[PDB]
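# Geometric and topological summary
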Amino acid sequence: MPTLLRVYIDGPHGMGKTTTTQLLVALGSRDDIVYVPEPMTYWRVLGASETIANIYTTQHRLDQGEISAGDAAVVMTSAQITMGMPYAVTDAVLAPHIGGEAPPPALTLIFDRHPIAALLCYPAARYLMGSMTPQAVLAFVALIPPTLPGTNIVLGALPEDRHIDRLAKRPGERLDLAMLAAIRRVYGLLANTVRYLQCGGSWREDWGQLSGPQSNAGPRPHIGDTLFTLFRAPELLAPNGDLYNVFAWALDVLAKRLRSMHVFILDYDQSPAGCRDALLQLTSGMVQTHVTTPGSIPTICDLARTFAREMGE
Amino acid sequence: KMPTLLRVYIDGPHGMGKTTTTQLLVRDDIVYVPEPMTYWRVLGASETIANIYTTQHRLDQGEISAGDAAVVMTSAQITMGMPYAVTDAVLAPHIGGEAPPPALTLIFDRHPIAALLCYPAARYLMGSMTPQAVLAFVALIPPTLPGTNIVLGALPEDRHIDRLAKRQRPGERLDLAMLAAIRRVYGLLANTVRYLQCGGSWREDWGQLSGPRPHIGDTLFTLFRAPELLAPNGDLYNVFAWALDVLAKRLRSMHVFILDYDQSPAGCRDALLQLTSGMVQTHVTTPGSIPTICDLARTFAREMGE
Ligand SMILES: C#Cc1cn([C@@H]2O[C@H](CO)[C@@H](O)[C@@H]2F)c(=O)[nH]c1=O
Ligand SMILES: C#Cc1cn([C@@H]2O[C@H](CO)[C@@H](O)[C@@H]2F)c(=O)[nH]c1=O
């Protein structure tokens with residue numbers, strides 16, 4: 001069978017993810033590699049009207065005390081649903097074509113973000129910003145699609161000071177450093193969570209230890225430095241002080257989805273050509289998969305180009 | 001060979017009798033997974049059912065916009081579906097291939113598609129959810145595992161009105177339009193499964209909407225000839241067409257069984273038992289899967305059942 005390499009570039013906004021992705025794709029001959037962009041057109045038009053603008057405006061009205069947490073939550077939850085839809089459909093239509101983990105790839109697919117960005121990371125950050133309930137975050141977690149083989153996720157490293165400057169320059173967006181801190185924190189926790197699970201970590205065994213860096217290598221993190229720490233909140237706790245079982249089961253799903261992921265860390269604290277070449281070096285250690293039919297390769301190619309055409313800027 | 005499992009999802013429009021009939025149907029090699037009322041009223045959010053019906057009522061009276069109602073309905077639907085989604089996700093790895101004596105029978109009050117497809121679709125028909133949000137929920141419907149037996153109800157409308165009148169849940173308001181919308185959706189659901197199983201292809205038949213199996217106009221696909229979903233030239237945007245491809249994938253491998261509710265509670269129970277002989281069983285994946293499934297089921301029941 002021919003092989004496929006899927007690479008999801010993810011992490012907080014404003015790091016240079018999208019530029020880096022385009023540069024890497026520009027290296028390949030036209031169809032040895034395809035780009036799957038942020039579905040900006042879906043967010044701004046097809047899915048709803050100006051969803052990004054809606055998100056930042058809602059947070060700002062919450063902060064200013066012009067709306068309640070509950071009103072902010074229903075708007076945020078509904079908008080996060082819209083944000084994630086194209087990621088969910090894409091994953092769903094790709095799924096049957098993906099075979100077992102497997103000599104250059106017949107096809108390389110570079111994604112701008114994985115489904116977990118809209119289904120986990122952004123909701124979790126909004127929870128920290130007080131604009132989503134943790135119960136709602138856990139409903140999104142429960143709906144994270146089964147993690148396909150050869151799911152290579154590239155997350156970003158970048159000093160906060162540089163990141164802030166970068167954001168202050170390079171939508172419907174408003175400048176919110178608090179949200180930036182939360183989303184940086186959330187993606188840091190995510191990297192640690194995958195590494196914790198790969199090192200044999202069991203959240204149920206470590207839950208009692210709760211009371212309040214790079215990845216795919218290094219020692220096992222403390223549970224308090226993983227995403228599990230966010231979910232010890234009064235809303236989720238039964239009178240006896242344990243998590244309600246329904247929420248505990250959502251954490252089980254979280255562990256199952258993240259544990260089979262292949263995380264790599266890319267240093268964004270450099271020029272665009274630098275990030276590209278750094279990303280190119282990283283791909284050597286990334287996991288390829290087989291496809292399930294011979295004509296899966298052109299089918300996948302067409303899906304990606306159709307998607308890009310319809311929804312990328 | 002691993003022991004066998006029978007999963008039975010009792011679904012369909014609410015207020016037909018689904019929660020009493022199965023209450024009767026139970027007691028060791030059979031577990032009843034009741035509707036997660038406690039999650040709906042307390043754990044997930046405060047009185048989600050009241051929230052839903054109040055919002056539709058306010059929209060009807062023109063006290064809020066279509067827009068305000070949709071964001072409210074959308075997030076509320078997220079809360080409604082959550083226990084159904086976690087349960088499916090934690091059960092999924094335990095489910096083996098198709099497979100006689102079942103080691104364990106799981107009777108669920110509703111399948112994930114109630115909250116991820118049918119109720120959202122009905123609210124779309126009620127003007128209180130956008131069709132793009134409906135297709136977002138559809139895109140997240142978990143893959144259809146082997147042995148997915150879904151029981152849907154049959155009941156004439158007037159009899160259903162009578163039943164519903166006595167089966168109002170906390171916060172529910174009696175709404176004949178919602179009753180009609182939800183009955184229509186489940187009727188379309190049954191048709192859609194049959195359309196798909198008999199080889200229907202929505203992309204091939206899509207042209208027929210704009211003028212041996214059901215006509216596409218009598219399936220769930222007809223709902224998504226919504227103008228929000230269409231480019232200026234009338235074509236579905238691909239992203240929406242893909243959600244329809246997913247909808248088709250999910251439904252065609254479901255096994256649908258019809259339970260006539262127009263009879264006594266014990267008659268309904270007997271009818272459900274009669275239906276089981278056609279249902280498809282699966283093996284589990286590990287020896288300990290059965291006890292684990294049993295624990296999940298009983299814990300769900302205890303913590304979230306009313
Ligand atoms: C995917 C994604 C998401 C992107 N975003 C935002 O979209 C913008 C562009 O990525 C940026 O301001 C931020 F990343 C969300 O607020 N939520 C999401 O789920
Ligand atoms: C599952 C489920 C759902 C149930 N409901 C409602 O909850 C009650 C189910 O017993 C009933 O009033 C109605 F069916 C929804 O409004 N949406 C759903 O998704």
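Looking at the method and resolution fields of the entry, one finds X-ray crystallography and 2.200 Å.

The name given to chain B in the PDB entry is Thymidine kinase, and the organism recorded there is Human herpesvirus 1. Listed in the archive, the entry goes by the title "Crystal structure of thymidine kinase from herpes simplex virus type 1 in complex with F-ARA-EdU". Taken directly from UniProt, the Catalytic activity text for chain B runs: "thymidine + ATP = dTMP + ADP + H(+)".

As annotated in the PDB entry, chain A is Thymidine kinase from Human herpesvirus 1. Taken directly from UniProt, the Catalytic activity text for chain A runs: "thymidine + ATP = dTMP + ADP + H(+)".

### Let's talk about the UniProt feature "binding site: substrate" in chain B
All names here are of chain B. This chain's UniProt record puts "binding site: substrate" on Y53, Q77 and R169. Topologically, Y53 is positioned in helix α3 (residues 48-60). A relative accessible area of 9% places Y53 in the buried class. When near neighbours in sequence (up to four residues on either side) are disregarded, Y53 contacts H14, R123, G171, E172 and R173. Within the fold, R169 resides in the loop between α7 (157-166) and α8 (176-197).

### Section: the pattern of salt bridges
In the structure shown here, the tally under the stated rule is 15 salt bridges over all chains. Across the salt bridge formed by A:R44 and A:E50, the nearest N and O atoms sit 2.4 Å from each other. The class of A:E50 is partly exposed, set by a relative accessible area of 27%. Its salt-bridge partner being B:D270, residue B:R269 comes within 3.2 Å of it at the nearest N-O pair. Taking relative accessible area as the criterion, B:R269 reaches 27% and is therefore assigned partly exposed. A single salt-bridge network, built from bridges that share partners, covers A:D10, A:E38 and A:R113.

### Concerning the site of ligand 1
Residues and elements named next belong to chain A. Around ligand 1, a shell composed of 14 residues is seen, among which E38, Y56, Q80, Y122 and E173 lie nearest. One of the side-chain nitrogen or oxygen atoms of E38 is found 2.8 Å away from an oxygen atom of ligand 1. Take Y56: an N or O atom from its side chain is 2.5 Å from an oxygen atom of ligand 1. A total of 420 Å² of accessible area belongs to ligand 1 in isolation, and the protein chains cover 97% of it.

Each value, and the rule that gives it
Residues numbered from 1 in each chain as written, not as in the entry; some residues may be left out. Chains lettered and ligands numbered in written order. Heavy atoms only, no water. Residues with missing side-chain atoms left out of burial classes, pairs and counts. UniProt positions renumbered as here; feature names shortened; annotations may be inferred. Helix = DSSP H or I, 4+ residues; strand = E, 2+ residues; numbered from the N terminus. Buried < 20%, exposed > 50% of the residue type's maximum accessible area, 1.4 Å probe, protein only. Contact = heavy atoms within 4.5 Å. Salt bridge = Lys/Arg side-chain N within 4 Å of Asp/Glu carboxyl O. Near = heavy atom within 4 Å. Polar contact = N/O pair within 3.5 Å; in protein donor to acceptor, adjacent residues only side chain to side chain. Areas by Shrake-Rupley, 256 points an atom, 1.4 Å probe, with all protein chains shown as cover.

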